[PDB]
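Every residue, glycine among them, receives a Cβ derived from its backbone with ideal geometry; neighbour counts consider all protein chains shown. What follows draws every value from the coordinates through simple rules; no lab data is involved.
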Ligand SMILES: Nc1ncnc2c1ncn2[C@@H]1O[C@H](COP(=O)(O)OP(=O)(O)OC[C@H]2O[C@@H](n3cnc(C[C@H](N)C(=O)O)c3)[C@H](O)[C@@H]2O)[C@@H](O)[C@H]1O
Ligand SMILES: Nc1ncnc2c1ncn2[C@@H]1O[C@H](COP(=O)(O)OP(=O)(O)OC[C@H]2O[C@@H](n3cnc(C[C@H](N)C(=O)O)c3)[C@H](O)[C@@H]2O)[C@@H](O)[C@H]1O
């Protein structure tokens, strides 16, 4: 059972992680890289320019089996019950 | 326009851009992105997610660096009353 | 009561307890804590914060473990429409 | 300039940390331990019991010089521009 620092390194290397203390079961978080995509309308082209850079982010597979954008809570940050998920 | 977050949230859900006077970075705004469903790209993805992936709606921020971050309001964001709609 | 977060937020600011049907833990609720000002406890604290410390209002969660966590809504919390006032 | 994992260890040891990439200047975050306090009214005594345990948390000294409860953003989590603050 790892602290968040080790779970973070795991995330950045492409692994999945979860916490034993989470109330929902079978969930995991994972890293998604950033990228660039093309502005497709002049309305979007005006707001964001011709091509748009987006930052990397983290995602969570929820108990509903859909994907949420995810930010650890302070309890998640401070916990030492993280595990890498196969 | 000095809106509270409830009114900024209604604006977000209606597809408008919002920002706060009290943010330290300037020229930023947040906006809503709908959820959806994409087919799994690789067999390694299929082994974890199945054939399809449903993703929830989320919020995005156009940052001072003019790139796009995923965004969740801070507590100070949530409690503030200096929100405005951005054109 | 199937409130959106704007209505749950109004309730929080009025001093009520709120929770979500869609939370995984049960029997939890969030509530508002006002800001304030406390004198600095030690000289080491005074060297960093001065004589007084002003702290902002914040939100708290009574967890399944029945202890109190500081709390910030998730994006799913913010976008949900299954909020209720708790007695 | 550290990643968040090292900034987290610093926090847990009682140090102050900040990020070079923060828009506001002169800010820092720090760790606050948990504790117990007594329920003072029967209204509170009924809701939370006779004595209340509260978890540790993180705080931020903001540009307004007041203290906010603080959760790192995903950009904070993923950044590698953390520094310990004297
Ligand atoms: N549908 C969804 N969309 C977006 N994110 C979702 C999600 N479902 C789960 N997550 C995220 O996955 C992690 C653990 O999931 P889980 O513990 O099952 O969450 P829950 O029971 O529904 O929490 C009820 C309230 O307490 C917050 N919270 C603060 N720390 C915790 C962990 C643990 N309980 C503890 O106390 O240490 C919870 C939480 O955000 C919510 O407002 C956590 O990052 C959580 O945000
Ligand atoms: N009064 C206050 N109450 C409570 N927490 C406060 C606070 N003031 C600052 N903080 C916290 O201190 C950290 C850095 O402070 P700062 O960067 O100056 O925040 P800002 O410019 O006002 O952000 C405008 C929007 O973008 C979010 N955001 C996401 N990552 C970042 C960092 C950096 N910009 C990046 O993009 O990597 C910002 C941010 O939450 C807000 O919704 C950050 O954890 C932030 O939440």
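When the residues of the range D:49-74 are filtered to those that are near ligand 2 (Cβ under 9 Å from one of its atoms) and out of contact with any strand residue (DSSP E or B) (no Cβ under 6 Å at 6 or more places or on another chain), the one that is farthest from residue D:23 (Cα to Cα) is D:71. Restricting the range D:63-86 to residues that are farther than 28 Å from residue A:31 by Cα and more than 8 Å from chain C (Cβ to nearest Cβ), the residue that is farthest from ligand 1 (Cβ to nearest atom) is D:86.
Hey, could you check the range B:25-46 for residues that are part of a loop (DSSP other than H, G, I, E, B) and within 16 Å of ligand 2 (Cβ to nearest atom) and say which is surrounded by the fewest Cβ atoms within 10 Å (Cβ to Cβ)?
B:26
Residue D:18 falls short on exactly one of the conditions (1) buried (at least 19 other Cβ atoms within 10 Å of the Cβ); (2) under 19 Å from residue A:75 (Cα atoms), and that condition is (2). Give the number of residues within the range A:1-33 that are more than 16 Å from the chain's Cα centre (by Cα), within 13 Å of chain D (Cβ to nearest Cβ) and not in a strand (DSSP E or B). Residues meeting the conditions: 2. Considering the range D:39-49, the residues that are part of a loop (DSSP other than H, G, I, E, B) and more than 22 Å from residue C:37 (Cβ to Cβ) include one that is farthest from the other protein chains (Cβ to nearest Cβ), namely D:41. If you go through the range A:50-62 and pick out every residue that is under 14 Å from residue B:67 (Cβ atoms) and at the interface with another protein chain (Cβ under 7 Å from one of its Cβ atoms), you end up with 6.
For the range C:54-64, the criterion of being assigned to a loop (DSSP other than H, G, I, E, B), within 8 Å of another protein chain (Cβ to nearest Cβ) and farther than 22 Å from residue D:59 by Cα is met by at least one residue.
Give A:36, A:52 a once-over and let me know the one that is in contact with a helix residue (DSSP H, G or I) (Cβ under 9 Å, 6 or more places away or on another chain), more than 9 Å from ligand 1 (Cβ to nearest atom) and in a strand (DSSP E or B).
Among A:36, A:52, only A:52 is in contact with a helix residue (DSSP H, G or I) (Cβ under 9 Å, 6 or more places away or on another chain), more than 9 Å from ligand 1 (Cβ to nearest atom) and in a strand (DSSP E or B).
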